[PDB]
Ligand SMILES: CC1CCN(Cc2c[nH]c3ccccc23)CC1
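The data below hold one chain only, encoded as structure tokens and taken in the form solved without this ligand.
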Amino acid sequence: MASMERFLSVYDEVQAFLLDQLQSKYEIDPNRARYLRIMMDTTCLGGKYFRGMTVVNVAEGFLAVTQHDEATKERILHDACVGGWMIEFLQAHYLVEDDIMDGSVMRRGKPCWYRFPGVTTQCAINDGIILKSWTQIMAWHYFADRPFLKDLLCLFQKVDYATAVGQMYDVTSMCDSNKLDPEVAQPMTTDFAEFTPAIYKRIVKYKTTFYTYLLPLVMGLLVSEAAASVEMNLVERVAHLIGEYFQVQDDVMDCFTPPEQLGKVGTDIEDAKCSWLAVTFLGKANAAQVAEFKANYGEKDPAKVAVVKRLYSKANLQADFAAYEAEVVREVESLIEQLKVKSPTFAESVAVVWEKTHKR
């Protein structure tokens, strides 16, 4: 059975389990069950399933080199699919809530969930809470007797937390740290002194890399009972590196990819985000350019946004990106090589992860 079909069948299984349990144990009625079914499909389906499928990929890698009964192979694959879905549902939680937080309009060419006419923010916040609770219901049901249950919950827990910490880092990235105060409305930074590579890296490391690359990799090891075949510090390092790279790409696209292609109208400039473009622009700009940046950034006014886009174009940031790219290639290759010492197989899964990110 091909990986994607297995993964998608498990979605149907898991959905049916969750909705059946709401009827038998939580006194739900059919109309609310239908609402939740539609919520799950709309928020969890329709992406590329990169994260969930990485869990499946890692597990398949181990199966190819490990002796097992056929029933055991199927069990490990079912586990990897459920675990993949846990990550996809955790992402869905964060997308729902983030879209609300940011007042976002679209996501993947469709309205944000909260904007659906029969949803509203009042329900959507709670819907996003339910998305994440479903991750736990899945784990407790499908993995109840599994030897990796503890380590899987503890890891999941840490990644979730890191993610929420990263969201805080993100939404506060255009404030001056020394001015943060719940009592005082937060001015946008005037100096941009905190738009540095190191500050940027911290945002991205927590907000994206733990759930997008670390969790899928390590969950595939856990459901494979293979975490002792890897040096965990190398897994962390490679995950944080590829994940950073993934975000820089996302930041570039926000500014330069046509809205129809992107699935949304990017607003990083208007939102004054600490993006890779802004940090790298401020890293090479002259005094006059920095001044023109400060006068136009973080403003909804389209004339000012176009001034910022023009400043990025004239600044030839494509060249800084090529250079960053080349350095990421060196380091990712270095880590992959290091991972071969203890597990060729896992090194190869990381290679696959890298190819799917590198050239996308």
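Residues carry their position along the shown sequence, with the first being 1.
Missing here is the form deposited with this ligand bound; even so, the following discussion is about that form.
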Query raised in the report: How about residue 167: is it within 4.5 Å of this ligand in the bound PDB entry, going by heavy atoms?
Result: yes
Requested in this report: Look up in the bound PDB entry whether residue 138 has a non-hydrogen atom within 4.5 angstroms of this ligand, and give yes or no.
Outcome: no
Query raised in the report: Counting only non-hydrogen atoms and a 4.5 angstroms cut-off, does residue 95 reach this ligand in the bound PDB entry?
Result: yes
Query raised in the report: Taking heavy atoms only, is residue 146 within 4.5 angstroms of this ligand in the bound PDB entry?
Result: no
Query raised in the report: Counting only heavy atoms, which residues in 193 to 207 are within 4.5 Å of this ligand in the bound PDB entry?
Result: 207
